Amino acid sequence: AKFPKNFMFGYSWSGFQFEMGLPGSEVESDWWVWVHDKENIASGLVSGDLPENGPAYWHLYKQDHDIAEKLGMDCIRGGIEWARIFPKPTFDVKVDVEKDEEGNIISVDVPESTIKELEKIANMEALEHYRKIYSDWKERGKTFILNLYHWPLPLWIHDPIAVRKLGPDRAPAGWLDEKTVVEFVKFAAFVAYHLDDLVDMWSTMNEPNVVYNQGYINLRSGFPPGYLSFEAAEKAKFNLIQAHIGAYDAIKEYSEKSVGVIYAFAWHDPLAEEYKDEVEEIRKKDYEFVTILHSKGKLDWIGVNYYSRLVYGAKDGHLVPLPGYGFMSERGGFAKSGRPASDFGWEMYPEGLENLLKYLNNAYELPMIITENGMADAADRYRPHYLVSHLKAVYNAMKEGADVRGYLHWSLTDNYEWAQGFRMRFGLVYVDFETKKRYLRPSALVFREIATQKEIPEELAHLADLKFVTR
């Protein structure tokens, strides 16, 4: 299975999950507070593990890029933390955000002189270290994709403990406040101004569908602010749309490079033929966020984050996602299909990635990068087959017409998995979090062999076959 010469291989990281781990890198944010909160800990909503025991990429990036480069990686999608760049309020510095009568952003203008006013109060030293990190990779002749937002927010933008104690109207409320969007636009233009020379492609945000569904409706996920409200989920979704559209406009002001989004795509499957039509409809509404963006002329590429599926059957009653399939499988065990599931209980289901890319291609006709794909698997029991099977799924989607430009694994190294803490290990490379030492997993050797030759060689082709892993 040969990939095109220019097909990119590598990995993705986020600031909150990778940066911290050694003194010097700690930063405040809504997620930092959420995860140190004693009541969140005691009610078991977050694990009690702390991100400042993480992999310390803010300090060891040079060493981690050495690993990546030696596994034949030529692309990394990285992060920049709004909470770092602007640790104080930006409200006082005004910009032009234009809206239609239904409140869609129609144009934005952060002029150069306003940029210059933001520097006065940004943490310029943080900004410089980001340059160092990104330079260190660009200098090796490689591609860098920059994603502007990967969940945490400045504390002055979102106080999730107070939104939860007091109600969103009595606290700084993040995506629930129309103003956050404007402030984010400032941030997007300020990053695009200083950083364009280091960046090949932009993403405005990562998985916004997770931020609004988990923060405001799926409460046992342990996402901030854990404030259960349909109306809030909808508000937040509406405001992320504007954050994307505004960030897109803001970026194109200071860069001519392509700008997309990175979005969490479950693949939805019906248990049997009779629910095909309903599942098709769940799918239109689950991808809806992206559809909206495409129809507004605001996506140059789409980053596909794919991990697993959901299977739908009737219970009573209604059309429901079924336990024992896809994301609802038994942790560290087997789906009802016989496929292994990850340590996270996510079924290994590469054919969902293939179905997904045919669907997205025909849906939107856009250049796509796989921006996340990987599995929680501490012992590296299944990750070799995951990796090869998902790569063979990308390849096959390409033969049927999908425009896929690279494959970015989640992830190079183990890291802090949000409300689960450190127990979910997603790395090609194990990290002992006490010593910060890195170790290769055999999947890294498989990755090295495939990426360096730009193909799944015969001798490794059998790792796409899932027969022996499935009962």
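Residue numbers run from 1 along the displayed sequence.
- Relative to its counterpart among 259-267 and 313-321, 313-321 has the higher mean temperature factor, C-alpha atoms as listed in the PDB entry.
- The mean C-alpha temperature factor is higher for 62-70 when 412-420 and 62-70 are set side by side.
- Across the options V388, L357, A189, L228, the residue with the most elevated CA B-factor in the record is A189.
- For the set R331, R84, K252, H244, the maximum C-alpha B-factor listed in the entry falls on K252.
- Sort the modelled residues of the chain by CA B factor and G24 lands in the highest third.
- When the modelled residues of the chain are ordered by C-alpha B-factor, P384 sits in the lowest third.
- When all modelled residues of the chain are sorted by CA temperature factor, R164 is found within the middle third.
- In the deposited entry, the Cα temperature factor of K336 places it in the middle third of its chain's modelled residues.
- Split the chain's modelled residues into thirds by C-alpha temperature factor. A402 is in the highest one.
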